[PDB]
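Results of the structural survey
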Amino acid sequence: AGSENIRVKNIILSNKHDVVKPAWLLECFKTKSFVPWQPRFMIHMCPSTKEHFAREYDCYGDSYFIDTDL
Amino acid sequence: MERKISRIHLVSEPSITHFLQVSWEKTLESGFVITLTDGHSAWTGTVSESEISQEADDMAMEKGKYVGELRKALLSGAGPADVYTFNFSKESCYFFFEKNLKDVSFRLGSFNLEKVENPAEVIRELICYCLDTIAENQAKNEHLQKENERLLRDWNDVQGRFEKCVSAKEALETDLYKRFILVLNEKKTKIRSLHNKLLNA
Amino acid sequence: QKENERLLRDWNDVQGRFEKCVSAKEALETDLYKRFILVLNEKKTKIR
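All of the points below concern the structure found in this document. (Residues numbered from 1 in each chain as written, not as in the entry; some residues may be left out. Chains lettered and ligands numbered in written order. Part of a larger assembly, values for the part shown. Heavy atoms only, no water.)

**Overview of the side chain of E98 of chain B**
All names here are of chain B. By the secondary structure assignment, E98 is in strand β6 (residues 94–101). One buried charged residue, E98, forms no salt bridge at all, with the nearest opposite charge on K99 at 8.0 Å. Of the polar contacts made by the side chain of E98, one reaches the side chain of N100; its length is 2.6 Å. A polar side-chain atom of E98 sits 2.9 Å from the main-chain amide nitrogen of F106. Those residues in contact with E98 that lie beyond four places of it in its chain are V83, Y84, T85, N87, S105, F106, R107 and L108. (Helix = DSSP H or I, 4+ residues; strand = E, 2+ residues; numbered from the N terminus. Buried < 20%, exposed > 50% of the residue type's maximum accessible area, 1.4 Å probe, protein only. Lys, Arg positive; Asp, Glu negative; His and termini not counted. Salt bridge = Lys/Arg side-chain N within 4 Å of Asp/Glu carboxyl O. Polar contact = N/O pair within 3.5 Å; in protein donor to acceptor, adjacent residues only side chain to side chain. Contact = heavy atoms within 4.5 Å.)

**Looking at the interface of chain A and chain B**
At the junction of the two partners, chain A supplies 10 residues and chain B supplies 11 residues. Buried surface at the junction of chain A and chain B, summed over both partners, amounts to about 820 Å²; 65% is from carbon and sulfur atoms. Ranking the residues of chain A by area buried against chain B places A54, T68 and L70 of chain A at the top, with a combined share of 56%. Of the charged contacts in the structure, one is a salt bridge between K188 of chain B and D67 of chain A, with a shortest N-O distance of 2.7 Å. Along the contact surface separating chain A from chain B lie two residue pairs in polar contact. (Buried area = accessible area lost by both parts, 1.4 Å probe.)

**Considering the packing of helix α3 (residues 119–200) of chain B against helix α1 (residues 2–32) of chain C**
Two numbers describe how α3 of chain B lies on α1 of chain C: the axes approach to 9 Å, and their chain directions differ by 15°. Classified by the angle between their axes, α3 of chain B and α1 of chain C sit roughly parallel to one another. The two elements α3 of chain B and α1 of chain C meet at a crossing, and its hand is left-handed. Tallied by class, residues from the contact of α3 of chain B with α1 of chain C come to 20 nonpolar, four polar and nine charged. (Axes fitted to C-alpha atoms, helices over the stretch in contact; angles between N-to-C directions. Parallel < 35°, antiparallel > 145°, perpendicular 65-115°, else oblique. Left-handed = near helix turned anticlockwise from the far one by under 90°. Nonpolar A, V, L, I, M, F, W, Y, C, P; charged D, E, K, R; others polar.)

**Topic: empty space enclosed by the protein**
Residue and element names in this part refer to chain B. Taken as a whole, this structure holds one cavity of 30 Å³ or more when the rule is applied. For the largest cavity, the calculated volume is near 30 Å³. Around the largest cavity, the lining residues are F32, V47, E51, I52, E55, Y66, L70, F97 and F111. Among the secondary structure elements, those contributing two or more residues to the lining of the largest cavity are α1 (49–58) and α2 (65–74). (1 Å grid on protein atoms, 1.4 Å probe; cavity = no way out; pocket = protein on both sides within 12 Å on 5 of 7 lines; lining within 4 Å. Points joined across faces, edges and corners; volume = space filled by probe spheres on them.)

**Digging into the nonpolar core**
Within the largest apolar cluster, 29 residues are counted, with the highest numbers of intra-cluster contacts made by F32, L74, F86, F95, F97, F111 and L113 of chain B. Per-element accounting of this core gives the leading share, five residues, to α2 of chain B. With near-sequence residues (within four places) excluded, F95 of chain B lies in contact with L10, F86, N87, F88, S110, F111 and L113 of chain B. Counting eight residues, the second largest nonpolar core, distinct from the first, contains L176 and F180 of chain B together with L28 and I37 of chain C. (Core = buried A, V, L, I, M, F, W, Y, C linked by side-chain atoms within 4.5 Å.)

**Structural notes on the pattern of salt bridges**
Inspection of every chain in the model, using the stated rule, returns 24 salt bridges over all chains. The partner of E13 of chain B in a salt bridge is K90 of chain B, and the shortest N-O contact between them spans 3.1 Å. Highlighted residues: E13 of chain B in the loop between β1 (2–8) and β2 (18–24) and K90 of chain B in the loop between β5 (84–89) and β6, separated in sequence by 77 residues. Judged by its relative accessible area of 36%, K90 of chain B falls in the partly exposed class. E26 of chain C is the partner of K25 of chain C in a salt bridge, and the nearest nitrogen-oxygen pair spans 3.2 Å. Taken together, the salt bridges that share partners define one network made up of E27, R40, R55 and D67 of chain A together with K188 of chain B.

**Observations concerning the interface of chain B and chain C**
Between chain B and chain C, the residue contacts involve 25 residues of the former and 23 residues of the latter. Between chain B and chain C lies a buried interface of about 2,200 Å² when both sides are counted; carbon and sulfur atoms form 82% of it. Interface area lost by chain B to chain C is led by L151, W155 and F162 of chain B, which between them contribute 25%. Between chain B and chain C we count zero salt bridges in total.

**Let's talk about the packing of aromatic side chains**
Residues and elements named next belong to chain B. Using the criterion set out here, one finds 14 aromatic pairs over all chains in the structure. Summarising the aromatic geometry, the rings of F86 and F95 are spaced 5.9 Å apart at their centres and angled 65° between planes, so their arrangement reads as edge-to-face. Overall, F95 belongs to the buried group, its relative accessible area being 3%. Aromatic side chains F97 and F111 sit 5.1 Å apart centroid to centroid with 50° between the ring planes, which places their arrangement in the tilted category. Here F97 is found in strand β6, whereas its partner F111 is found in strand β7 (residues 104–115), with 14 residues between them in sequence. (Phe/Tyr/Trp six-rings, centres within 6.5 Å; stacked < 30°, edge-to-face > 60°.)

This is the structure in structure tokens:
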């Protein structure tokens, strides 16, 4: 999503989908390569991403995500 | 009590500066004593409130307006468009003073005068007063200069410092974020350590 | 008189912009430390 709508909210309200901010794919496109996704790039996600949040299987929330950038 | 002295020239004496001194109690309308001189001799006269009433009511005028005019004429309240003119005969001790408009003169008032027997004494008094007056303004100007100095210093100081502070405020955040991002990696190190230990055991 | 009164009101206005700059500074300070480092303290809860 470049921008929200209530359908965003709907699919936000329907967490069966993982809802992504636009720049990261541009990033991936500018990387010429799929950059694997993390909260850098999203608004909201099904929990399976969150079990991923170690870059592997062991956490749940936020007050965490950043890769040593400014 | 108000005094007011004024450098004048009688028409009879173009080259002699004459000096018109006025003393009165806050109000020229109430009456006043007048003294004229030319550095060798002096003269004095007197006018009352009722004299001014009579003058102003022969001016066809409201008294007070004619008083403002008098403030302009005798207390040097005249403006650039104001051209008063003064006439006095030392032989007759009779003064009068006029107003120049329409290329013509208009006698504003006229006083019975008398030569003073002690010119030098009124002179000392006037000029002692004047000396005092001078001196006061001198001291005042001195002080004023001093604080002008102080403020001009302070302004430069605070301006430079405020600029420097803005500079540092823009400098701070990158310092902070470098300081973090390394520690954040380090805790990510400790995280990956315990996580691989958990997957091994 | 005119000169130094001018000096004064620049002086005071500089004080004011000083303080607004300072307040921006204080905001930036808080924004990142006092509980913003919870991004670390919850890395500490992850460690636990």
